[PDB]
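Asks: Protein chains in written order, with my numbering: chain A, 34 to 147; chain B, -4 to 86; chain C, -8 to 239; chain D, -19 to 40; chain E, 73 to 141; chain F, 910 to 959. Where is the CB? At the ideal position from N, CA and C, for every residue including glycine. Below is a structure I'd like to ask you about.
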Amino acid sequence: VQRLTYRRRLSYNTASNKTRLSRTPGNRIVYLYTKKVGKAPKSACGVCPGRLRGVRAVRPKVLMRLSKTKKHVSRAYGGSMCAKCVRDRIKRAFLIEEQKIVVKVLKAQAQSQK
Amino acid sequence: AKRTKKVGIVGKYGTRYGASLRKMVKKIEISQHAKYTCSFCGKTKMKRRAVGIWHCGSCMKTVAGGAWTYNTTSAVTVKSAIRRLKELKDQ
Amino acid sequence: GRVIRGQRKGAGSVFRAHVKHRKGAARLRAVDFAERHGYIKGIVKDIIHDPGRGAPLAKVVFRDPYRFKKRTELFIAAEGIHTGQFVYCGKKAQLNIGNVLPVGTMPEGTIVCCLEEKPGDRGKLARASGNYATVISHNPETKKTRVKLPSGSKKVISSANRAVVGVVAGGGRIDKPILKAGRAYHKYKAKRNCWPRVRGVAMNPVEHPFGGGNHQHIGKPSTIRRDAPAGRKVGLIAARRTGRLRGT
Amino acid sequence: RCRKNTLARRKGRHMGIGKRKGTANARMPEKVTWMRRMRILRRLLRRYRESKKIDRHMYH
Amino acid sequence: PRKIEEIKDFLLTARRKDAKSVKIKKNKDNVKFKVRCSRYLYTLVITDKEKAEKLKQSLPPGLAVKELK
Amino acid sequence: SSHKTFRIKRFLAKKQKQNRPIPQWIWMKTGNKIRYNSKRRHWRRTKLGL
RNA sequence: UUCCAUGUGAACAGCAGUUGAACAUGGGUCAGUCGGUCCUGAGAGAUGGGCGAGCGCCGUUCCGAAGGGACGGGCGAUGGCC
RNA sequence: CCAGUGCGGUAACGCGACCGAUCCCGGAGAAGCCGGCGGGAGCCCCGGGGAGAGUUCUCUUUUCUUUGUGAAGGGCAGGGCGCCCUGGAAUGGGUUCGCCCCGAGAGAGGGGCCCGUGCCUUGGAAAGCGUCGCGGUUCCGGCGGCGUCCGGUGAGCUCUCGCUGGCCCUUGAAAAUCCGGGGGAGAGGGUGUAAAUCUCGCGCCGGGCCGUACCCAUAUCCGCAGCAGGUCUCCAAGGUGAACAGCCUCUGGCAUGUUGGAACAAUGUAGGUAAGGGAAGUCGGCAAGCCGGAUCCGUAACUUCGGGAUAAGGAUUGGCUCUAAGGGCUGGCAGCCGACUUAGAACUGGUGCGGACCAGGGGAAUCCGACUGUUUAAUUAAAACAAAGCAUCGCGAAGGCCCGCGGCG
Ligand SMILES: [Mg+2]
Ligand SMILES: [Mg+2]
Ligand SMILES: [Mg+2]
Ligand SMILES: [Mg+2]
Ligand SMILES: [Mg+2]
Ligand SMILES: [Mg+2]
Ligand SMILES: [Mg+2]
Ligand SMILES: [Mg+2]
Ligand SMILES: [Mg+2]
Ligand SMILES: [Mg+2]
Ligand SMILES: [Mg+2]
Ligand SMILES: [Mg+2]
Ligand SMILES: [Mg+2]
Ligand SMILES: [Mg+2]
Ligand SMILES: [Mg+2]
Ligand SMILES: [Mg+2]
Ligand SMILES: [Mg+2]
Ligand SMILES: [Mg+2]
Ligand SMILES: [Mg+2]
Ligand SMILES: [Mg+2]
Ligand SMILES: [Mg+2]
Ligand SMILES: [Mg+2]
Ligand SMILES: [Mg+2]
Ligand SMILES: [Mg+2]
Ligand SMILES: [Mg+2]
Ligand SMILES: [Mg+2]
Ligand SMILES: [Mg+2]
Ligand SMILES: [Mg+2]
Ligand SMILES: [Zn+2]
Ligand SMILES: [Zn+2]
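Okay, here's the thing in structure tokens:
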């Protein structure tokens, strides 16, 4: 069984020095030093624990080289906040201001009472 | 099956620490590892995240409470006293 | 003889507090117009665990009232607070749990924590895990207020300083026995280097004034004066009475 | 030689109480027996549920 | 390396200025035309042999053509 | 150490160029008192400082 | 420099050697992609300041006029089919 | 004349681009330890095909070696979702090895996204490797034929991905760096040979400085030395076996550790064996010895009810020939496959059978210390120290304790 060796001078089992195995076209098992597992973006809600959908999950300095559509989703607040909390904020930002209209109407008719 | 007679959650500590100390730890380990009902949705999923930090698994809502129980008797006493003082001030 | 352990704690070499993973200083927000005349609203964003602190912290976001920016801060979480709760604060913030309003307005018998000692210094009194301070009475002229602190002692306070209404979360912490030396180790490692206290008769008489002797005995009386020089001021510093407290 | 011995281990030889050194829970553990029996039985019950052999309530 | 499916795209690739050479690999079952552009190696994989020899007639003349084995 | 810095490697370069012996056309000079290189250095025995 | 080759056998290799990590001549380490370099960590450290007879020391945001940057617009010149 | 800062889907979201500044919000950077299970490879295993070798006194369709595809794209299996749509569930269902999920929408249909390290493909057969054979008598990345194939398994070992739970009076790093969004200040052209602007596809130019040999340890390091000492990591095959135990072996490595020869005396040092008695030896069972694995039974006092406990005490164990039970897949039945086990029975040997290795002596009591931990590196591992527990004492900050020659330290 062909035991094998590192190919850099870092000889410790660190987080940056982690590998996978591969079989080269000259029938030989060789390490390949893998890039770490990038995480998809988390929403700006603070509530939902699932990470966002439709956005690439890459190690973050790659995001220079990806195009715009690969990094957002085609919605208002998209690519930075989940859909459930977008529609919750739409309903909330509507209903608060409708209650504010109701409050100004009630206080204006209480002044008309006076 | 009932696997013990007296020790419950504190049969894990073996023959150690004293009968009175293991019996006194038992109530508190039960109380901090139980899952309490959330008052915000009703699901029985308040787990102790950290010491004084209860957290609902389903609301994703975190309640600062007691160190071993969701709320303390001094806390609910203080809450009733504060709402009584508020209604006596505000009439 | 040598320089004893209690003397060496004041040099700050290994006895500094282990404050890397701590979350920040837990302070009330700074006194401005919006808190001196009205009230400002901000929501609790989350509740975090400060290592070395038995009380949980409430990260609360207010809206900055002079430029479009959002301030975030850390409070002592009053017991019963939660996320998504609108904490109000100011002179006209109304009285319920989580708010922080000045002491001269809340009535007598209220239960406040993270209390502010001298007016403006962001909350010093009554801020350990589960511990409160009550408002006893007021004095409208000269604007001071007696406050019963958690030591059982009472203090006259200028009536313009803030206080979080309610007991501190994390209450009732000490009643569970730390069972084992591992729990004590992991407690005091996140606090600071103090835990394996070698008692003084186990030492040699060079580095503690009790050591030596062919019996582990103190020798000299353990109760000693306050004008003892350092390196002697060991054991029962100026005991008024000294025994088991039977009676009050 | 190894393969000629493992043929006899298939046939049941060399497996008596003399040629045994581990606990039975170490040789073939009872958690593994349990979980193999349950991936047998729960797949049997969902075959019989989906093939209309038993209904929802008898299944449960 | 880039594979080109249709034959018109390969002709447009081969007539590009960056193309230094094309090389024709004739194995069994298959014929591969590999053009060396300035960033990729574009391969056209075709299995019709009379269409292969027609395409070899249809290469542009100035490009360096090399048939491989 | 295969991770040398430039100053360390430069110092070692000077010491291994100094480690060469006497050139044999010297001991025929007129005012000579030299018979070998006394300041030599074997890499097991003397460890050079650093 | 012990690496590698050619040679030697005085000294060394606690015996011996035709051998050697010994001696003498010669070669040998090639990078955008592998590291350093960059970042902060526990920490270290000038400036303001304070102390100190004094070399200097404490201090690290505290008793500081602590930025040399920029969208745009106006001014005056330059080089280019102004 | 007027419009023209793109389009599609109910939606999750998609399409190859798809203007935009000071300002604000967020994400990645950025997280502990442990348990359980699942997916993927690497290796191992089994059944066949090739090619070459090994045995052949007899047997052996035998035994050994080898039997390949990189990075980066394109497609697809494969996992995962705390994503969307229809609809409304009790006779409660769904489901895991354990959990767990639901009128805050479960099952059931149909979609969407992420990772796709695996397969096919481009690279890629040209090259590599194995065989047979020609050339250059040389100086050859020389030239040729052939081949590099088809299946199965698994609580297997290592790595990695993912889900899920447990523990904490322990909550398990920062910053550079990069991106998305909210905003809408502005800019673009007047219908064209359009313009501003484009994070789409190509095309052009460049990436300086320093390190790179080798040893890595019973001979390249430090111990004055080629010193039995010490020195942080990575890879890890077959058998027996529970095993990374011990023992034997294959790839690889070495020459017995600063010498050889000849004898086999005393004293040793290190292994062993001993009749009969069994601690009578000696301060003392010191050293040795007994026991020892597994399966089936059986297990007392005492006790903090957790233990004690492998208590103690028995029996069984080999080889061989069998029987029975424990699964998938496809079309209560039939067919076809693939695993390790467990229980029992017979026969059988000079009663030997955990046959080597591995591998607890047992009990009744006293004293001390609760325990786990630490301790005098080089005469003391203990009853000492520490510990949780219990009780005191000081201190509400111009404060308690302490440092400092000094200071709004
Ligand atoms: Mg591959
Ligand atoms: Mg997209
Ligand atoms: Mg000092
Ligand atoms: Mg300590
Ligand atoms: Mg002592
Ligand atoms: Mg003294
Ligand atoms: Mg079980
Ligand atoms: Mg040395
Ligand atoms: Mg010699
Ligand atoms: Mg050599
Ligand atoms: Mg290159
Ligand atoms: Mg300094
Ligand atoms: Mg569903
Ligand atoms: Mg070939
Ligand atoms: Mg916008
Ligand atoms: Mg090297
Ligand atoms: Mg020997
Ligand atoms: Mg020898
Ligand atoms: Mg040696
Ligand atoms: Mg005898
Ligand atoms: Mg005998
Ligand atoms: Mg005698
Ligand atoms: Mg005797
Ligand atoms: Mg002994
Ligand atoms: Mg016993
Ligand atoms: Mg007694
Ligand atoms: Mg002890
Ligand atoms: Mg000692
Ligand atoms: Zn959300
Ligand atoms: Zn809830």
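1) In chain C, which residues lie with their C-beta within 7 Å of the C-beta of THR57/B?
2) What runs of the alpha helix (DSSP H), each 4 residues or longer, lie entirely inside the stretch 144 to 189 of chain C?
3) Could you please give me the residues that DSSP links to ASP37/C through a beta bridge?
4) Under 7 Å Cβ to Cβ from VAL46/B, same chain only, skipping five residues before and after it: list those, please.
5) Whole angstroms is fine: what's the gap from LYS171/C's alpha carbon to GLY202/C's?
6) On the criterion of 16 or more Cβ atoms from any shown chain inside 10 Å, does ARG188/C qualify as buried, or is it exposed?
7) For chain B, is any of its Cβ atoms less than 8 Å away from the one on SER120/C?
8) Return the chain-ordered list of same chain residues with a C-beta closer than 6 Å to the C-beta of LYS0/C, the five sequence neighbours on each side being excluded.
9) Between the Cα of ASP37/C and the Cα atoms of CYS80/C, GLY143/C, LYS50/C, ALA117/C, which residue gives the shortest distance?
10) Quick one: Cα of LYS135/C to Cα of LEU83/B, how far?
11) What distance in whole Å lies between the Cβ atoms of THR39/B and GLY163/C, which are believed to be in contact at a cut-off of 8 Å?
12) So the candidates are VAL63/A, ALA48/A, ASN46/A, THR47/A; which of them puts its Cα closest to the Cα of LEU54/A?
13) Applying the criterion that 16 or more other CB atoms from any shown protein chain within 10 Å of the CB defines a buried residue, is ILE123/A buried or exposed?
14) Considering only residues of the same chain and omitting the five flanking positions on each side of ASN122/C, which have a CB-CB separation below 6 Å?
15) Taking DSSP as the reference, what is the three-state secondary structure of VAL119/A?
16) DSSP on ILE34/D, reduced to helix/strand/coil?
17) Contact between the stretch 19 to 35 of chain C and the stretch 223 to 231 of chain C is defined here as three or more beta-carbon pairs at a separation below 8 Å; is this criterion met?
18) So the candidates are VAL197/C, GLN207/C, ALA151/C; which of them puts its Cα closest to the Cα of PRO110/C?
19) Pop quiz: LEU92/C and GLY15/C are said to be a contact at Cβ under 8 Å. What is the actual Cβ separation, rounded to whole angstroms?
20) Decide if the stretch 100 to 118 of chain E is in contact with the stretch 80 to 89 of chain E; the criterion is three or more beta carbon pairs, one per stretch, under 8 Å apart.
21) Where does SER69/B fall in DSSP's three states?
22) Note the first and the last residue of the continuous beta strand (DSSP E) segment covering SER128/C.
23) Grouping DSSP H, G and I as helix and E and B as strand, with all else coil, what is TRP936/F?
24) Using a Cβ cut-off of 8 Å, which residues of the stretch 97 to 128 of chain C contact any Cβ in chain B, in chain order?
25) What would DSSP say about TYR28/D, mapped onto helix, strand or coil?
26) Measuring alpha carbon to alpha carbon, tell me which residue in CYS118/A, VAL119/A, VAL88/A is nearest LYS101/A.
27) Just tell me which of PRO42/C, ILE31/C, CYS80/C has its CA closest to the CA of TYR57/C.
28) Hey, how far is the Cα of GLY234/C from the Cα of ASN87/C?
29) How far does the beta strand (DSSP E) with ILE102/C in it reach, from first residue to last?
30) Which residues in chain B have a C-beta closer than 9 Å to the C-beta of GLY43/C? List them in chain order.
31) Going by the C-beta, is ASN205/C closer than 7 Å to any heavy atom of ligand 5?
32) Kindly indicate the opening and closing residues of the alpha helix (DSSP H) around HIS105/A.
33) I need the straight-line Cα distance from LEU96/A to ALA73/A, nearest angstrom please.
34) So residue 88/B contacts chain C; which residues on that side make the cut at Cβ distance below 7 Å?
35) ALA76/B CB to nearest chain C CB: under 8 Å?
36) Give me the DSSP bridge partner(s) of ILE67/C.
Replies: The relevant details are as follows:
1) Along the second sequence, one-based indexing puts residue 57/B at 62. The contacting residues are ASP37, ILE38, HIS73, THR74.
2) Here the runs fully enclosed are 172 to 182.
3) For the purposes of this step, residue 37/C is identified with residue 46 of the third sequence, where counting begins at 1. In DSSP, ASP37/C forms a bridge with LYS50/C.
4) Mapped onto the second sequence, residue 46/B falls at position 51. Here the set comprises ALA62.
5) The sequence position of residue 171/C within the third sequence is 180, counting from 1. The sequence position of residue 202/C within the third sequence is 211, counting from 1. For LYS171/C and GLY202/C, the distance between alpha carbons rounds to 28 Å.
6) As a first step, residue 188/C must be located in the third sequence, where it is residue number 197. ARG188/C should be labelled exposed.
7) Position 129 of the third sequence holds residue 120/C. Output row for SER120/C: interface = yes.
8) If you number the third sequence from 1, residue 0/C lands on position 9. Around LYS0/C: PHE6.
9) Numbered from 1 along the third sequence, position 46 holds the residue referred to as residue 37/C. Answer by Cα proximity: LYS50/C.
10) As a position in the third sequence, residue 135/C is number 144, starting the count at 1. As a position in the second sequence, residue 83/B is number 88, starting the count at 1. If you take the alpha carbons of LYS135/C and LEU83/B, they lie about 22 Å apart.
11) As a position in the third sequence, residue 163/C is number 172, starting the count at 1. As a position in the second sequence, residue 39/B is number 44, starting the count at 1. 22 Å between Cβ atoms; not a contact.
12) Reading the first sequence from its first residue, position 21 is the one you call residue 54/A. The shortest Cα separation from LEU54/A among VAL63/A, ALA48/A, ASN46/A, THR47/A belongs to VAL63/A.
13) If you number the first sequence from 1, residue 123/A lands on position 90. Note on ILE123/A: under 16 other CB atoms within 10 angstroms of its CB, so exposed under the neighbour-count rule.
14) Here the question's residue 122/C lines up with position 131 in the third sequence. Sequence-distant Cβ neighbours of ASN122/C in its own chain, meaning closer than 6 Å and more than five residues away, are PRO141, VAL159.
15) Residue 119/A sits at position 86 when you count from the first residue of the first sequence. Correct three-state label for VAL119/A: helix.
16) Counting from 1 along the fourth sequence, the entry for residue 34/D is found at position 54. Taken through DSSP and simplified to helix, strand or coil, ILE34/D comes out as coil.
17) In this structure the stretch 19 to 35 of chain C does not lie against the stretch 223 to 231 of chain C, because fewer than three pairs of beta carbons, one per stretch, are closer than 8 Å.
18) On the third sequence, residue 110/C is found 119 positions in, with the first residue counted as 1. Sorting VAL197/C, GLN207/C, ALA151/C by C-alpha distance to the C-alpha of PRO110/C places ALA151/C at the top.
19) Indexing the third sequence from 1 puts residue 92/C at position 101. Indexing the third sequence from 1 puts residue 15/C at position 24. The distance from the Cβ of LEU92/C to that of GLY15/C is about 23 Å, inconsistent with a contact at the 8 Å cut-off.
20) Touching, yes.
21) Translated into the one-based positions of the second sequence, residue 69/B becomes position 74. Assigned with DSSP and collapsed to three states, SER69/B falls in helix.
22) Counting from one through the third sequence, the residue named residue 128/C turns up at place 137. Membership of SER128/C in the beta strand (DSSP E) is indicated by the continuous run 124 to 130.
23) If you number the sixth sequence from 1, residue 936/F lands on position 27. The three-state secondary structure of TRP936/F, taken from DSSP, is coil.
24) Within the stretch 97 to 128 of chain C, the qualifying residues are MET97, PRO98, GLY100, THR101, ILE102, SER120, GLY121, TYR123.
25) Along the fourth sequence, one-based indexing puts residue 28/D at 48. Reduced to three states, the DSSP call for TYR28/D is helix.
26) For the purposes of this step, residue 101/A is identified with residue 68 of the first sequence, where counting begins at 1. The residue from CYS118/A, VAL119/A, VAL88/A with its alpha-carbon nearest to that of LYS101/A is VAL88/A.
27) The residue given as residue 57/C occupies position 66 in the third sequence. Selected option, being the one with the closest Cα: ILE31/C.
28) Taking the first residue of the third sequence as 1, we reach residue 234/C at position 243. Taking the first residue of the third sequence as 1, we reach residue 87/C at position 96. If you take the alpha carbons of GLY234/C and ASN87/C, they lie about 43 Å apart.
29) Locating residue 102/C in the third sequence gives position 111, counting from the first residue. Judged by DSSP secondary structure, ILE102/C falls within the beta strand (DSSP E) whose first and last residues are 102 to 104.
30) Locating residue 43/C in the third sequence gives position 52, counting from the first residue. Within chain B, no residue comes near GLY43/C; the closest Cβ sits about 11 Å away, beyond 9 Å.
31) Along the third sequence, one-based indexing puts residue 205/C at 214. False, no ligand heavy atom lies under 7 Å from that Cβ.
32) Here residue 105/A refers to the residue found at position 72 when the first sequence is read from its first residue. First-last for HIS105/A: undefined, no H or E at that position.
33) Here residue 96/A is taken as the residue at index 63 of the first sequence, counted from 1. Here residue 73/A is taken as the residue at index 40 of the first sequence, counted from 1. Those two C-alpha atoms are separated by around 11 Å.
34) Coverage of chain B is limited to positions -4 through 86, which leaves residue 88/B absent and any answer about it impossible.
35) Here residue 76/B corresponds to residue number 81 of the second sequence, with the count starting at 1. Cβ-Cβ to chain C under 8 Å: yes for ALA76/B.
36) As a first step, residue 67/C must be located in the third sequence, where it is residue number 76. Residue pairing of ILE67/C in beta bridges, as defined by DSSP: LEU48/C.
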